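Its first residue numbered 4, the sequence shown is counted upward by one per residue in the working numbering.
Using N, Cα and C, we set each Cβ at its ideal position, and we do this for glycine too.
A quick write-up on the structure given underneath.
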Amino acid sequence: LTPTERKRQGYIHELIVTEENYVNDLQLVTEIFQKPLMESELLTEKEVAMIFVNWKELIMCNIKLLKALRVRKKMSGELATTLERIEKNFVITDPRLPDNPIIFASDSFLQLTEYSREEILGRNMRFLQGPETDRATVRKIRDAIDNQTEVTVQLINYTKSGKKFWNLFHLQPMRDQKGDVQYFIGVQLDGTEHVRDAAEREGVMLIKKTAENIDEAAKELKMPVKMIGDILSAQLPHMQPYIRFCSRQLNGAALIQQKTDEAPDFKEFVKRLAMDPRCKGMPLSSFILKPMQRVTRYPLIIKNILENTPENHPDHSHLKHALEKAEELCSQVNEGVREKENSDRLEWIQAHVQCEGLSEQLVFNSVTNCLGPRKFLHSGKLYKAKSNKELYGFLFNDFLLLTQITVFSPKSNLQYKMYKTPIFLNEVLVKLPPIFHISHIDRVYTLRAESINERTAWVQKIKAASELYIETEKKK
Ligand SMILES: Cc1cc2nc3c(=O)[nH]c(=O)nc-3n(C[C@H](O)[C@H](O)[C@H](O)COP(=O)(O)O)c2cc1C
């Protein structure tokens, strides 16, 4: 197969494999961090929500994505568990990608070489080699790869600290139906001395049998993929919850750090939850950064697939739209991160304005229907004329919310009850007769501001945001 078509499959599976690991990490935090902390009675219901936020919603998005990938790949969820049951030292590499990167490494291997998964994935396996390593033995391994054949040799490798150990290494290519090599299997039998005769014969049989079990486990993964863009193009516009989480990931991380330095009982309970072998000795404050890393990873992956996809290919069109949506999703995420002050205000409104009786729950710190990330514009007291009913209004870029007090200060706690249905700015006109009038098609609202300078602030901001809404809706 051509290197272009070859790199294509490597990048499509780069998307699938990394997604498996990512979704797996999301389910871990919910399993061994979220639920335990909720039932520990160490933190209040409010403090927990300030950290995880919409973590549950993040999983609901990627699961729908991952499941769709699995059906197309004809996979089951068993691959991860099936590989873990093989308690042997081995890795899997992808020759379709430059310098033959490592895409998987067993727990036994990581503990043997004292390396972590993050330090290994994406890099070539040659890091094990050192000064006392037979460079002639190494060449035999390279030739086996170039000829796409199996080989079994013995050489000296080094750990992370630099510990020497003999390596009864076995190489074996993984092939599909057409005999095309998709991956390489590398089994390592560590030892202190060079094995000969019976000692060598027994070791070879074990590492070869191990290689066969791995080939059986990764059987569904070996098969090539025809199309993948149509799936990405259908799921990416539904990655909305990321924008809220990434806008609050900074405050959520600072909450954990602050709570640790003021509560020793909390610090101990967290590290005892990081006791998990699937955590790989990695703290909770690090899993929070993963969603931000993942959304910025998509445009890099999709582009690699797109560049290795010809124009006449039926998947080329879907990858184009997928790349656009991935970048639009990434852009809106970065905007939420930058607009820090706007993020805190929307979340404050969420926890102080009781909105009930709607067809769908109202999330202020979220995405609008057409204008993207919601933005707070103006607030203040508003008196409805001919009634003089004291109401407090919140102006957003897409709608205006009228409430009733039962401002953005962290300590002061006022509770706002929802007054009427949120009036969207796509159907309202504003004119002047501190009294101002807004023109809804069905009914006419007559409100009075706190002062003259306030009315001019209301009229201008409502009008400017209304015209921005209309012209945006006229684009499509
Ligand atoms: C699946 C796989 C596993 C490998 N495992 C080892 C290993 O455990 N130790 C080692 O020295 N080389 C290992 N290699 C070989 C190196 O990755 C590399 O191909 C070899 O050292 C030749 O390096 P070179 O391209 O710079 O000549 C493995 C290769 C593959 C494909």
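Does the separation of the CB atoms of residue i and residue j fall below 8 angstroms?
| i | j | result |
| --- | --- | --- |
| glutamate 223 | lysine 76 | yes |
| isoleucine 408 | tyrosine 419 | yes |
| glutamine 175 | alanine 214 | yes |
| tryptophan 169 | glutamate 205 | no |
| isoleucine 291 | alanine 266 | no |
| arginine 99 | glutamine 185 | yes |
| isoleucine 66 | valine 26 | yes |
| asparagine 57 | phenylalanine 248 | yes |
| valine 228 | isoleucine 95 | no |
| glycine 396 | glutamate 453 | no |
| residue 480 | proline 101 | As displayed, the chain neither begins before 4 nor continues past 479, which places residue 480 out of reach and without an answer. |
| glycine 189 | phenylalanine 172 | yes |
| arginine 451 | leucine 385 | yes |
| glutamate 117 | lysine 163 | yes |
| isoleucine 159 | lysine 167 | yes |
| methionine 53 | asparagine 254 | yes |
| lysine 378 | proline 240 | no |
| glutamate 476 | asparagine 400 | no |
| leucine 398 | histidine 381 | yes |
| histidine 440 | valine 447 | yes |
| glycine 339 | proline 376 | yes |
| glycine 232 | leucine 322 | yes |
When DSSP labels each residue in this structure, what does residue i get in the three-state scheme?
| i | result |
| --- | --- |
| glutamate 81 | coil |
| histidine 440 | strand |
| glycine 189 | strand |
| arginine 88 | coil |
| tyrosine 395 | strand |
| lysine 59 | helix |
| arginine 451 | strand |
| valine 356 | strand |
| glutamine 12 | helix |
| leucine 45 | coil |
| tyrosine 422 | coil |
| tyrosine 472 | helix |
| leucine 380 | strand |
| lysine 387 | strand |
| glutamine 364 | coil |
| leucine 405 | strand |
| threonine 21 | helix |
| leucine 432 | strand |
| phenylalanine 411 | coil |
| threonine 5 | coil |
| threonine 33 | helix |
| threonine 116 | helix |
| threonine 96 | strand |
Could you check the C-alpha separation between residue i and residue j for me, to the nearest Å?
| i | j | result |
| --- | --- | --- |
| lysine 143 | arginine 251 | 52 angstroms |
| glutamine 296 | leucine 72 | 20 angstroms |
| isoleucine 123 | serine 109 | 11 angstroms |
| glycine 13 | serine 334 | 27 angstroms |
| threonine 424 | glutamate 331 | 30 angstroms |
| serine 415 | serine 289 | 32 angstroms |
| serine 79 | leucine 69 | 11 angstroms |
| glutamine 238 | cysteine 64 | 8 angstroms |
| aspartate 137 | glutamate 8 | 35 angstroms |
| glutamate 363 | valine 356 | 15 angstroms |
| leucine 405 | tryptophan 461 | 13 angstroms |
| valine 32 | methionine 226 | 31 angstroms |
| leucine 61 | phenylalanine 55 | 10 angstroms |
| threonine 449 | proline 436 | 10 angstroms |
| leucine 361 | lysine 270 | 40 angstroms |
| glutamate 81 | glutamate 87 | 10 angstroms |
| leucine 309 | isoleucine 148 | 27 angstroms |
| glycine 182 | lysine 38 | 47 angstroms |
| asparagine 311 | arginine 300 | 17 angstroms |
| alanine 388 | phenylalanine 411 | 27 angstroms |
| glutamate 359 | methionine 421 | 7 angstroms |
How about residue i: is its C-beta nearer than 8 angstroms to some C-beta of chain D?
| i | result |
| --- | --- |
| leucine 18 | No chain D appears in this structure, which consists of one protein chain only. |
Would you call the region 203 to 217 in contact with the region 299 to 316, where contact means no fewer than 3 C-beta pairs closer than 8 angstroms? no
List in chain order: all unbroken beta strand (DSSP E) runs of 3+ residues lying wholly within the region 136 to 208. 154 to 161, 167 to 178 and 184 to 194
For the structure I just gave you, are there three or more beta carbon pairs, one from the region 272 to 292 and one from the region 308 to 318, closer than 8 angstroms? no
Under 8 angstroms, with one C-beta from each stretch per pair, do the region 369 to 384 and the region 282 to 297 reach the 3-pair mark? no
Unbroken stretches of the alpha helix (DSSP H), 4 residues or longer, contained in the region 289 to 352: 293 to 298, 301 to 310 and 319 to 341
Given 8 angstroms, three or more beta-carbon pairs between the region 106 to 113 and the region 232 to 246: no
Any alpha helix (DSSP H) of 4 or more consecutive residues that is wholly inside the region 212 to 284: 222 to 225, 232 to 238, 244 to 265 and 267 to 274
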